[PDB]
Amino acid sequence: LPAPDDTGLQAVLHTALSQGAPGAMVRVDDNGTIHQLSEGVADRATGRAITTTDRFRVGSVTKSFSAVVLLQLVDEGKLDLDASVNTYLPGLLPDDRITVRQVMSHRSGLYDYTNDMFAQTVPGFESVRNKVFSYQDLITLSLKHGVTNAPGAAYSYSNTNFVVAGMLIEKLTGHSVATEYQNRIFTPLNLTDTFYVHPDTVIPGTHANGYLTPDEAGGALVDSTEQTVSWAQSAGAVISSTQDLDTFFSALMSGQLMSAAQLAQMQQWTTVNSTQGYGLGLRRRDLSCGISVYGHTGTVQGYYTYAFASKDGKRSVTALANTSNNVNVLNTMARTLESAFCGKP
Ligand SMILES: C[C@@H](NC(=O)[C@@H](C)NC(=O)CCCC[C@H](NC(=O)C[NH3+])C(=O)[O-])C(=O)O
């Protein structure tokens, strides 16, 4: 791989701030050599500076944790990816042919209930921030709509899929997702900055506060830091740090979290767009310099996360901007991948 470009990374962060991110930061673990940069504030009212050690809400990076647990259950013989979801969760879905593999790769056709919840950004956030939902509550919300397409038809993102994933994990193991993440991933990898505290609203330790950008251009930002994230749970409630996500994705890609066979299934790509694929709770992004990286993006109110690693896990990158509902910042932060993996032009 070419050398990571710190000057380019510095510019990306600086640009994100110019676009509305109170703070932005990135950490690269380049085969044992660390690159770390940050600019801006963790708390815009107090002015405390953001740092690469600040904890944050990783959004759907959570999906990769959920998929890891499920694939270990496959290795253990407790789950068959091609078995129907209704086999393990009787009567849950109206189609007894929607499979676990389809749900894990967003090819189930299940309607995404969050499209209803967040039609309006801030009102939607105020509506769910302090709510506690059961997994079934969420599935029911989804099922009120018809499916959007035939199972296995094509990739269509839906948080409902990983809500089902969490329900499967708890049913098959008889434990909470928190317990499973801890025993199967957090402890083994010693991810000391990683937690799943749902429905607690507090983020443990020093963290970056999240700032939700309202739908109205120029509108005042909303501190969205403390919420239950119950609308996502196994689809997006994990809290972590740049160091911990780098360790996790490097461990995943270097083959330390499941059998070679299950990692292969995890990387069977379904087309998302011309430069992206989705496997099982895992995203593939193709960079301009012809390099593909693996991991996941995350969006939780006030937090945009990119956490990706090279195919062999030797280089990993995690970037975070503490604002959300700001496409300019979202697009800009994606450039950290180009600077970190592709290097200087
Ligand atoms: C992107 C990532 N998905 C996630 O991380 C999941 C957990 N988050 C969402 O589906 C976004 C919820 C709305 C956020 C809100 N948007 C609105 O409110 C829009 N009205 C915001 O930007 O904070 C993935 O699929 O890889």
Side-chain angles (χ1 to χ4, degrees), residues 19-22 56-67 103-107 110-129 131 133 138 141-142 155-166 177 196 198 209-217 219 221-240 245 249 270 272-273 275-285 293-308 318-331 333-334 337:
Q19 300 176 312
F56 58 90
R57 302 193 185 277
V58 318
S60 279
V61 157
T62 296
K63 288 176 165 185
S64 296
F65 283 83
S66 296
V103 160
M104 294 182 74
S105 57
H106 293 294
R107 292 182 298 117
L110 295 181
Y111 179 82
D112 192 333
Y113 60 85
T114 60
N115 281 30
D116 296 355
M117 303 183 155
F118 312 124
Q120 289 182 162
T121 302
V122 172
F125 172 62
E126 182 188 320
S127 177
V128 309
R129 63 179 299 175
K131 282 188 169 170
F133 296 103
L138 301 181
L141 253 29
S142 173
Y155 162 91
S156 171
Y157 182 78
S158 181
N159 279 310
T160 313
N161 287 141
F162 275 73
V163 159
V164 173
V177 289
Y196 185 89
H198 164 87
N209 276 30
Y211 294 98
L212 182 59
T213 303
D215 293 323
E216 296 70 36
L221 306 181
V222 176
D223 188 315
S224 62
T225 312
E226 307 186 348
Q227 64 160 310
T228 64
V229 201
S230 198
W231 56 270
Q233 296 185 53
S234 47
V238 166
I239 288 165
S240 191
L245 293 191
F249 283 109
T270 295
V272 170
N273 58 50
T275 52
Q276 286 190 45
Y278 203 83
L280 301 180
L282 188 66
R283 290 190 178 287
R284 188 198 78 253
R285 292 182 67 94
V293 294
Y294 315 79
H296 221 293
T297 38
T299 294
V300 179
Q301 285 85 0
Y303 304 93
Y304 277 147
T305 305
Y306 283 84
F308 289 79
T318 299
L320 180 283
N322 62 347
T323 189
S324 66
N325 192 43
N326 185 320
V327 174
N328 281 340
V329 168
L330 184 56
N331 292 154
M333 295 301 293
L337 299 191

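Hydrogens, waters and symmetry mates play no part in the numbers below; they use all other heavy atoms, side chains included. Numbers for residues simply follow the sequence, beginning at 1. Both ligands and their constituent atoms are indexed starting at 1 by order of listing.
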Would one find an N or O of [X], backbone or side chain, under 3.5 Å from an N or O of ligand 1?
X    : value
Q120 : no
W231 : no
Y304 : no
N159 : yes

[atom2] on [Y] to [atom1] on [X], rounded to 0.5 Å:
X    : Y    : atom1 : atom2 : answer
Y278 : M104 : OH    : CE    : 8.5 Å
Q19  : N331 : CD    : CG    : 8.0 Å
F308 : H296 : CZ    : NE2   : 7.5 Å

What part of [X], side chain, backbone, both or neither, has a heavy atom within less than 4.0 angstrom of ligand 1?
X    : answer
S224 : neither
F125 : neither
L212 : side chain

**Study point:** Distance-only donor-acceptor check, side chains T213 and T323, under 3.5 Å
**Key:**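 Yes.
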
Practice item. Check whether the side chains of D116 and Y111 place a donor and an acceptor atom closer than 3.5 Å, and report yes or no. Key: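 Yes, because at least one side-chain N or O of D116 sits under 3.5 Å from a partner of the opposite role on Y111.
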
What are the atoms of ligand 1, with element, lying closer than 4.0 Å to any heavy atom of [X]?
X    : value
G298 : 5 (O)
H296 : 24 (C), 26 (O)
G59  : 5 (O)
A235 : 7 (C)
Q301 : 23 (O)

Exercise for review: Give me the ring orientation class for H106 and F162: parallel if the planes are under 30° apart, tilted from 30 to 60°, perpendicular past 60°.
Suggested key: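 The rings of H106 and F162 sit tilted, inter-plane angle from 30° to 60°.
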
At what distance is the nearest protein heavy atom to [atom], and which residue and atom is it?
atom                    : answer
atom 13 (C) of ligand 1 : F118 CD1, 3.5 Å
atom 21 (C) of ligand 1 : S324 OG, 3.4 Å
atom 24 (C) of ligand 1 : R283 NH2, 3.5 Å
atom 7 (C) of ligand 1  : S60 OG, 3.2 Å
atom 18 (O) of ligand 1 : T121 OG1, 3.2 Å
atom 11 (C) of ligand 1 : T299 O, 3.9 Å
atom 22 (O) of ligand 1 : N325 N, 2.9 Å

Determine yes or no for a side-chain-to-main-chain donor-acceptor pair under 3.5 angstrom, with [X] supplying the side chain and [Y] the backbone.
X    : Y    : result
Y113 : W231 : yes
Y303 : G210 : yes
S224 : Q301 : yes

Check your understanding: Is at least one protein non-hydrogen atom found at under 4.0 angstrom from atom 16 (N) of ligand 1?
Key ->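 It does not; no protein heavy atom is within 4.0 Å.
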
Check your understanding: How far apart are the closest heavy atoms of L245 and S240, and which atoms are they?
Key ->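 Nearest heavy atoms, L245 then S240: CD2-OG, 3.5 Å.
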
Exercise for review: With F56 as reference, evaluate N322, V300, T305, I239 under the side-chain contact (heavy atoms from CB on, under 4.5 Å) test and give the passing residue.
Suggested key: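 Single side-chain contact (heavy atoms from CB on, under 4.5 Å) partner of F56 among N322, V300, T305, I239: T305.
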
Exercise for review: Would you mind telling me which of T160, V163, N159 makes a side-chain contact (heavy atoms from CB on, under 4.5 Å) with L110?
Suggested key: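 Single pass found, and it is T160.
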
